[PDB]
Amino acid sequence: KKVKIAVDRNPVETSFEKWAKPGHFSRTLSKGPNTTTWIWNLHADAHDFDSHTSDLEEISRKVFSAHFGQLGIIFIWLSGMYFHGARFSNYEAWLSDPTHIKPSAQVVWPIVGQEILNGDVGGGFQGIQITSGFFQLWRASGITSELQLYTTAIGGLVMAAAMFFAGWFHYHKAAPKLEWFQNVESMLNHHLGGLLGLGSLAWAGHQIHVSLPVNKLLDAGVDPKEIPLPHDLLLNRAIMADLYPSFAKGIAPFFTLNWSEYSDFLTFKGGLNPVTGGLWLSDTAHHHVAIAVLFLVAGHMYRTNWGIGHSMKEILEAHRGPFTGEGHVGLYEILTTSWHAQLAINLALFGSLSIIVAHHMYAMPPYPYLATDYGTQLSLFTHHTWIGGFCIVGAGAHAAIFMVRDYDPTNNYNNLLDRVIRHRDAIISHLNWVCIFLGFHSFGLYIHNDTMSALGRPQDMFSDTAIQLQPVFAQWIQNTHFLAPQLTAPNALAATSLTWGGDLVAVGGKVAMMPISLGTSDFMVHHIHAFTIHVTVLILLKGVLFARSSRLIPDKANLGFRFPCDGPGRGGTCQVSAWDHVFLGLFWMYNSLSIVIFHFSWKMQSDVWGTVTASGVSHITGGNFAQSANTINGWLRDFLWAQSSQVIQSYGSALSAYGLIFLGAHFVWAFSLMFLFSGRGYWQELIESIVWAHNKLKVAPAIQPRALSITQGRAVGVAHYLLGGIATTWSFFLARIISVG
Amino acid sequence: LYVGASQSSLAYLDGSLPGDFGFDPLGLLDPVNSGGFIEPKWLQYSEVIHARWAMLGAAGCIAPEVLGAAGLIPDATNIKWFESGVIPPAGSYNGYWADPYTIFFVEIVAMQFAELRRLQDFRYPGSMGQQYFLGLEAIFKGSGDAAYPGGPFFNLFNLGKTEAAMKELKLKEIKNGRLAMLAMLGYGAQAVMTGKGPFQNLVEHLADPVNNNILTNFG
Amino acid sequence: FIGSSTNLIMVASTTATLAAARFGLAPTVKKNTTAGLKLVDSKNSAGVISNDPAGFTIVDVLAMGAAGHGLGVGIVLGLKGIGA
Amino acid sequence: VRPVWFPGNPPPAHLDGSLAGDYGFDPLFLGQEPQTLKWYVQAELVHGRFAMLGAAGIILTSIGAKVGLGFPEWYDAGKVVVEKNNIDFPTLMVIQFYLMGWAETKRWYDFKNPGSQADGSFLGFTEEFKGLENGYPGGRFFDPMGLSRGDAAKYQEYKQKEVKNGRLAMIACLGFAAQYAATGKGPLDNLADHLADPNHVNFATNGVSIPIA
Amino acid sequence: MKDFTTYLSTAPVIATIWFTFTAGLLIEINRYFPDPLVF
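Method of structure determination, per the deposited record: cryo-EM was used for this entry, reaching 17.1 Å resolution.

Here's what the structure looks like:
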């Protein structure tokens, strides 16, 4: 009932004794190796903390230290990016010409002829054109020299060492008890107020005091060397008062409730900056201020050690209706004792937010000179989308893990979860039917269009000229968003984004952002996306609901979460485990996200990106998406065959490496088919023949070579399939968008 | 005793520590499941260290301005506490016998010797009296309490002969140290807000308090 | 600033929020509320020892001060937003 | 009992004070094993002896350089000798490697098998290569004065002096390298510059050591 | 130190050190002998 800091002193001793003993974490691997399978097991059960021991406190402590080690790795990565930008980049030159000099932060050593990759990126530099968008982010924060980036790299290295020391300290010197980890009310209060609110407030302060004046001077034509240093702007009120008259009043208008006096750096300009092409930093600063206040307010919702506040168990138990039985009874105990359930919820919302980030970033570019860099835009959208999809699949996987291991029927008699398990057959049957309906009405349109076009009947197709299926709802929403700053947003100057409608914004002869119009092809591809998302949800939800039992195998929970099969009986029970459902969901997520990124690339290169000519805007492909995207042949010829010309002829230039990867990625993917279309029995017998050859020459190892397990074979196949396909699309997108963008 | 006392904080605060007023709403002295640096011995030691350092800091931050206003020291000196080379952007004094980095190296060696020997005596009570230190180990033995070592030098005049007198003096030290800590925080806040010295702020407030306060210094 | 509408509204808001919780009309650290918005005893872990006749602790003062500040800031900005 | 590198910290088990200059300084436990500690003891002794010879030579040459004798600095003596005297640099390197190879190889195989070099296979010399202890090769050739075979207390005191002077010389050579890379002049030139103005001519004002200065 | 050396003697650490040495030797050979196609 009391929220305090519970801890144990020196639980584990810091020593290297266990480093020399592989597989000490598990009782099965502690014996030692006898077969090669053991080695693979050594890596498969490394992070499986709830399998080493059944103590929840040990699992929680290991999770805490793992989090610290992960943050240390992330800090090393960030410090490396800052160091590369400070010593092996052309950021200083790119600042003087952000519309002609290509960003680059990686140099290669002159060995075996790889120096050809050091292409002329501009500004008297030779390197590899980066697409991470770090140059635009550093320009947005006000960084104007390599010394600041070098100092940030040193600070990142220090933070990495601090994170590693924190992990070691919390695991071997002061390990918190289980009651400290179960303070979800206090944890949520701190993460809402402190972490999010204080982080947004601190970033708002930096944006107001550094990003706003430095970027305003950069947009005013001032040379980066003549711009005052950030501390100079932070020390005197004269420069800030000259750039913003509201600063001449100090912090007095804030305490006197005269916030309207700050209307020069806290506005609702909307749209995009006509000079840089990105969002107004004054709007982002005002945004961060509002976000900080909202999160700080939300951080005082749950009760911790005083009477005021809420108890999440009380709120969960108070929500119960006539159609749900008992309601959320027992959900609090489920989330406060199972790390897999929390991981499932967090991974799902995290992946969804990542995809939302990708959409909001291409639509509303927040960094200066970001929209004009088509390579960065395409790469960022694709990267964030892939991360979101992978995290969603992982969410389904951990939901199944919770259902198999941490689920207990003695505490879920008549709650929501029990009723869901009770009607899981109805859920799966209806989702299967909607998947079939969406597949027919989504793929049949493309097949019918291909047939009518091949049969010489273009008037019988599903296009704008022929039978049209206009997305009236999306068009109406676009019109409402365009007209919002005049009726429902009187205090807003322009719209949130230019994709709704209105005038286009172009910077340096390149279209930064123009309105997006949806037609029949957009309708068809949106239905394709919905169908693929529904099928992925079907596979994951089927693996989650039927993880404990099914009509085919009633004791699936006894077989665990990850097992190959239940034998060839009952006609065949191959891939009945929840792990196999995650394995199939990975393929469907890859297919879905691949179609999503293809649609994004074609729509952007066809109706948004392009140069600006005299009295007219010309796109990259000429606006052929509204006429050639309604057929599979159009996607294969105009988008795959035509756009792949850059990646196949890249040999001999700075993009030749991409072409090499384009070929290498085709290898790995096909390599996956060796592990997905075969079985370990054949490989075991082949290994036996090879073992005989070794035994003849007395070169047979003591560790008996065994073929990969069935589950390992499936994991290897899906890993290679994903890596090959993703790397193929990565090479194609990057080579194309760098050559013509 | 003070405001904010609670029955939970009174479980471990029975007046044993000096200056115990039962003010602990954040529960940092609970010995039940304590470790690392959040434990009673280290916390009390850190409080007395901060108390003494803040006492010297408050006196050193308000002494040159008061001595300069009294005409005791010349005009070359008598600068603000944040303009004496502490923070070069806020102002630096070039009248010293050397640059601040040379003096900083001297401070590094000096403070390392003092602080490291102090820490080693805290980790091992009485370990600073065995190794040879030019015969100075005879006064570095301390006692059982790292916060109150004593000895011939740290307790030069052997004050607090009676236990009650020592307790009274300990309470006086902790209260004066807390007041000095609050004064140092006020010094920093006034330096950031007004941009002037603390004694100058006191004089300006004494002249006309209605027109000289935190409400009128906002803008 | 003293005597203006902004100062008067903020002072009245903070005093109103402080007067409601002390006189048993708003949630406090000692009395919680149910789903039907009815006052009832709580289970506070702190158990702040106060001398007030109704048990009004300093935590109640801080909570009511924040609540009154929020209501006052919203009221002032709302009136300034409607031209009144 | 005995003084340590960090007062109050207990000395490690692998450092019991039997070796000369034992202060219990091993935070990384690099010499926890007995054979590894033996090898590191010989390595430290060789390093200190070479550092002592180097520090003495550098100080003497800088002394001759400060006075009007024409002695070149230690960072240019190699070029001055090779260009002034018709000496081929690779030939000198090969001769030095031959002599050092023979000496160090005999020392190495003696470390592997103590007393093996005393078999008489090298020109019949036996007691001149028998060896006294690890890293302390007594005999009439290495110690013609016989200080290692008389007055044990004086011998132990000289051992402590040798290890301490060796560590000091190693620190001195590191200081020579840092001083040349930061100021660009010789060690005595830096000493004269510091003695001329110690308050303004030091590492805190050279503009290289402290970058934020 | 015995445990540390035993950890450094494991298959992945030994493989990393050996491949780094072999790769470095091949890279330095191609660096000092650019474009070797024949003997």
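Undergrad: It is not clear to me how the overall build of chain D should be interpreted in this structure. Could you clarify?
TA: Scanning chain D from N- to C-terminus turns up five helices and zero strands. Secondary structure elements of chain D occur, N-terminal to C-terminal, as α-α-α-α-α. Compactness check: chain D gives a C-alpha radius of gyration of 21 Å against a globular reference of 17 Å for 213 residues, more than 25% above the reference. The principal-axis extent of the C-alpha atoms belonging to chain D is close to 55 × 55 × 30 Å. Across the 213 residues in chain D, those meeting the buried criterion constitute 24%. Considering only contacts within chain D whose residues lie at least 6 apart along the sequence, 43% involve residues at least 24 apart. Accessible surface, chain D: about 14,300 Å² in total, of which carbon and sulfur atoms supply 66%. Of the charged side chains in chain D, 18 are positive and 22 negative, and the gap between their average positions amounts to 3 Å.

Undergrad: Would you mind going over the overall build of chain B with me for this structure?
TA: The helix and strand inventory of chain B stands at five helices and zero strands. Sorting the 219 residues of chain B into buried and exposed places 27% on the buried side. Partitioning the intrachain contacts of chain B with sequence separation of at least 6 by distance along the chain shows that 45% fall at a separation of at least 24. Put simply, chain B shows about 13,700 Å² of open surface, and 67% of that area lies on carbon and sulfur atoms. Of note, chain B has its 14 positive side-chain charges centred 6 Å away from the centre of its 20 negative side-chain charges.

Undergrad: How should the state of the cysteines be read in this particular structure?
TA: Joining two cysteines, a disulfide is a covalent bond between their sulfur atoms. Inspection of the entire model under this criterion finds zero disulfides over all chains. Sulfur of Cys 565 of chain A: no disulfide; nearest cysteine sulfur belongs to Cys 574 of chain A and is 5.9 Å away.

Undergrad: For this particular structure, what's the right way to read the interface of chain C and chain A?
TA: It is common to report an interface's size as the accessible area lost on association of the parts. The interface of chain C with chain A comprises 19 residues on the first partner and 13 residues on the second. Of the roughly 1,400 Å² buried between chain C and chain A on both sides combined, carbon and sulfur atoms contribute 63%. Counting across the chain C and chain A interface gives one salt bridge. For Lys 43 of chain C, the salt bridge is made with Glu 314 of chain A, and the minimal N-O distance between the two is 3.3 Å. Joining chain C to chain A, the criterion identifies six residue pairs in polar contact.

Undergrad: Just to check I follow, could you spell out the environment of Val 612 of chain A for this structure?
TA: All names here are of chain A. Mapped onto the fold, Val 612 is located in strand β8 (residues 610-613). A residue is classified by how much of its surface remains accessible, and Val 612, at 36% relative accessible area, is partly exposed. Sequence separation between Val 612 and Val 507 is 105 residues, and the spatial gap between their C-alpha atoms is 9.1 Å. If sequence neighbours within four positions are ignored, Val 612 has contacts with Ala 506, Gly 509, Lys 510, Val 511 and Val 617.

Undergrad: It is not clear to me how the interface of chain B and chain D should be interpreted in this structure. Could you clarify?
TA: With 13 residues of chain B in contact, the opposing surface of chain D contributes 16 residues. Contact between chain B and chain D buries roughly 1,200 Å² in total, counting both sides, with carbon and sulfur atoms accounting for 58%. Viewed at the interface, chain D and chain B are joined by six residue pairs in polar contact. Along the lines of polarity and charge, the residues of the side of chain B that touches chain D split into seven nonpolar, four polar and two charged.

Undergrad: Can you walk me through the packing of helix α1 (residues 34-66) of chain D against helix α4 (residues 152-182) of chain D in this structure?
TA: Pairs of packed helices are described in terms of their axes, by the angle between the two and the distance that separates them. All names here are of chain D. Viewed as axis vectors pointing N to C, α1 and α4 meet at an angle of 60°, and their least axial separation amounts to 7 Å. On the basis of their axis angle, the class for α1 and α4 is oblique. Every pair of crossing elements has a handedness; the one defined by α1 and α4 is left-handed. Of the residues in α4, those touching α1 at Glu 44, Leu 45, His 47, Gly 48, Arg 49, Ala 51, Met 52, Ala 55, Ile 58 and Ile 59 are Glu 162, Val 163, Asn 165, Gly 166, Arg 167, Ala 169, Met 170, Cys 173 and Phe 176. By residue class, the composition of the contact of α1 with α4 is eleven nonpolar, four polar and four charged.

Undergrad: Sorry if this is basic, but what is going on with the pattern of salt bridges here?
TA: Two side chains with opposite charge may pair up if their charged atoms get near one another. Taken as a whole and assessed by the stated rule, the structure comprises 38 salt bridges over all chains. The salt bridge partner of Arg 61 of chain A is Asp 8 of chain A, with a shortest N-O separation of 2.7 Å. Taken together, the residues span a long stretch of sequence, with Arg 61 of chain A in helix α3 (residues 56-87) and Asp 8 of chain A in strand β1 (residues 7-9) at a distance of 53 residues. Judged by its relative accessible area of 9%, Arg 61 of chain A falls in the buried class. For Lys 66 of chain D, the salt bridge is made with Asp 189 of chain D, and the minimal N-O distance between the two is 3.9 Å. Highlighted residues: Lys 66 of chain D in helix α1 and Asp 189 of chain D in helix α5 (residues 187-196), separated in sequence by 123 residues. Several salt bridges converge on common partners, so that one network encompasses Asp 8, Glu 57 and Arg 61 of chain A.

Undergrad: Any chance you could explain the nonpolar core here in plain terms?
TA: Considering soluble globular proteins, one finds that nonpolar side chains tend to be buried as a cluster. All names here are of chain A. Membership of the largest hydrophobic core comes to 81 residues, with the highest contact counts inside it found for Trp 609 and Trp 635. Sort the elements by how many residues they give to this core and helix α21 (residues 578-607) lands first, with 15 residues. If you look at the next biggest cluster of nonpolar residues, it comprises 32 residues, including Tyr 91, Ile 208, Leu 212 and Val 214.

Undergrad: Quick question: what am I supposed to make of the environment of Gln 129 of chain A here?
TA: Residue and element names in this part refer to chain A. Position of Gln 129 relative to the elements: it lies in strand β4 (residues 126-129). Given the relative accessible area of 17%, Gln 129 is considered buried. For the pair formed by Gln 129 and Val 289, sequence separation is 160 residues and the distance between their alpha carbons is 35 Å. Not counting the four nearest positions on each side in its chain, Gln 129 is found in contact with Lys 102, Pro 103, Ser 104, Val 121, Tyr 658 and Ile 738.

Undergrad: For this particular structure, what's the right way to read the pairing of β4 of chain A?
TA: Put simply, side chains in a regular strand alternate between the two faces of the sheet. All names here are of chain A. With two bridges connecting them, strand β2 (residues 104-106) and β4 associate as antiparallel partners. Along β4, the bridge assignment pairs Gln 106 with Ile 128. As paired strands, strand β3 (residues 119-120) and β4 are joined by two bridges and run antiparallel to one another. Counterpart to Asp 120 in the pairing with β4 is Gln 126. Once β3 ends, the chain turns through five residues before running back antiparallel as β4, passing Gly 122 with a positive phi of about 110°.

Undergrad: I would appreciate a short explanation of the sheet that holds β4 of chain A in the present structure.
TA: Within a sheet, each strand pairs with its neighbour through backbone hydrogen bonds, oriented either parallel or antiparallel. The strand order across the open sheet built from three strands is β2-β4-β3 (chain A), with neighbouring strands paired in antiparallel fashion. This sheet does not close on itself; its edge strands, each paired only once, are β2 and β3 of chain A.

Undergrad: So what exactly am I meant to see when it comes to helix α5 (residues 134-141) of chain A here?
TA: What sets the pattern is the α-helix's 3.6 residues per turn: residues three or four places apart point alike. Residues and elements named next belong to chain A. Summarising burial for α5: seven of the eight residues are buried, a large majority. Within the span of α5, buried status applies to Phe 134, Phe 135, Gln 136, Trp 138, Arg 139, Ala 140 and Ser 141. One or two positions beyond α5, positive phi appears at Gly 142, with a value near 95°.

Undergrad: It is not clear to me how empty space enclosed by the protein should be interpreted in this structure. Could you clarify?
TA: Under the criterion given, the structure shown has four cavities of 30 Å³ or more. Here the lining of the largest cavity is composed, by residue class, of six nonpolar, five polar and three charged.

Undergrad: Where do I start with the packing of aromatic side chains in this structure?
TA: The description of an aromatic ring pair uses the distance of the two centres, along with the angle that the planes make with each other. With the rule as written, the count across this model stands at 80 aromatic pairs over all chains. When the ring of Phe 254 of chain A is compared with that of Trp 259 of chain A, the centres are 5.8 Å apart and the planes differ by 10°; the resulting orientation is stacked. Looking at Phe 254 of chain A, the relative accessible area reads 40%, which means it is partly exposed. Between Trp 602 of chain A and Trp 635 of chain A, the aromatic rings sit 4.7 Å apart at their centres with planes inclined by 75°, giving edge-to-face as the arrangement. One end of the pair, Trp 602 of chain A, is in helix α21; the other, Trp 635 of chain A, is in helix α23 (residues 632-641), with 33 residues separating them in the sequence. Overall, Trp 635 of chain A belongs to the buried group, its relative accessible area being 13%. In this structure an aromatic cluster arises from ring pairing among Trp 386, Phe 390, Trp 579, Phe 583, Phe 587, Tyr 590, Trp 669 and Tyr 721 of chain A. The ring of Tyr 109 of chain D is capped by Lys 112 of chain D, whose NZ or CZ atom sits 5.5 Å from the centre of that ring. Over the face of the ring belonging to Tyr 136 of chain D we find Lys 159 of chain D, whose NZ or CZ atom lies 4.6 Å from the ring centre.

Undergrad: What exactly am I supposed to notice about the arrangement of the chains here?
TA: In this assembly six pairs of chains touch, with chains A and C having more contacts than any other pair. Looking at chain A next to chain D, you find no contact at all, with the nearest C-alpha pair sitting 12 Å apart. In this assembly chain B lies apart from chain E, the nearest approach of their C-alpha atoms being 27 Å.

Undergrad: Quick question: what am I supposed to make of the pairing of strand β7 (residues 510-513) of chain A here?
TA: Residues and elements named next belong to chain A. Bridge analysis of strand β6 (residues 505-507) against β7 gives three bridges, and the strand direction is antiparallel. For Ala 506, the partnering residue across the bridge sits in β7 and is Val 511. Where β6 folds back on β7, the antiparallel hairpin that results is connected by two residues, among which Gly 508 adopts a positive phi of roughly 65°.

Calculation criteria
Residues numbered from 1 in each chain as written, not as in the entry; some residues may be left out. Chains lettered and ligands numbered in written order. Part of a larger assembly, values for the part shown. Heavy atoms only, no water. Helix = DSSP H or I, 4+ residues; strand = E, 2+ residues; numbered from the N terminus. Rg over C-alpha atoms; globule rule 2.2 N^0.38 Å. Buried < 20%, exposed > 50% of the residue type's maximum accessible area, 1.4 Å probe, protein only. Contact = heavy atoms within 4.5 Å. Areas by Shrake-Rupley, 256 points an atom, 1.4 Å probe, with all protein chains shown as cover. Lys, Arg positive; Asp, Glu negative; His and termini not counted. Charge placed at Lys NZ, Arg CZ, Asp CG, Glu CD. Disulfide = S-S within 2.5 Å. Buried area = accessible area lost by both parts, 1.4 Å probe. Salt bridge = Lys/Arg side-chain N within 4 Å of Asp/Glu carboxyl O. Polar contact = N/O pair within 3.5 Å; in protein donor to acceptor, adjacent residues only side chain to side chain. Nonpolar A, V, L, I, M, F, W, Y, C, P; charged D, E, K, R; others polar. Axes fitted to C-alpha atoms, helices over the stretch in contact; angles between N-to-C directions. Parallel < 35°, antiparallel > 145°, perpendicular 65-115°, else oblique. Left-handed = near helix turned anticlockwise from the far one by under 90°. Core = buried A, V, L, I, M, F, W, Y, C linked by side-chain atoms within 4.5 Å. Pairing = 2+ DSSP bridges. 1 Å grid on protein atoms, 1.4 Å probe; cavity = no way out; pocket = protein on both sides within 12 Å on 5 of 7 lines; lining within 4 Å. Points joined across faces, edges and corners; volume = space filled by probe spheres on them. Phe/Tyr/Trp six-rings, centres within 6.5 Å; stacked < 30°, edge-to-face > 60°. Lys NZ or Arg CZ within 6 Å of the ring centre and 35° of its normal.

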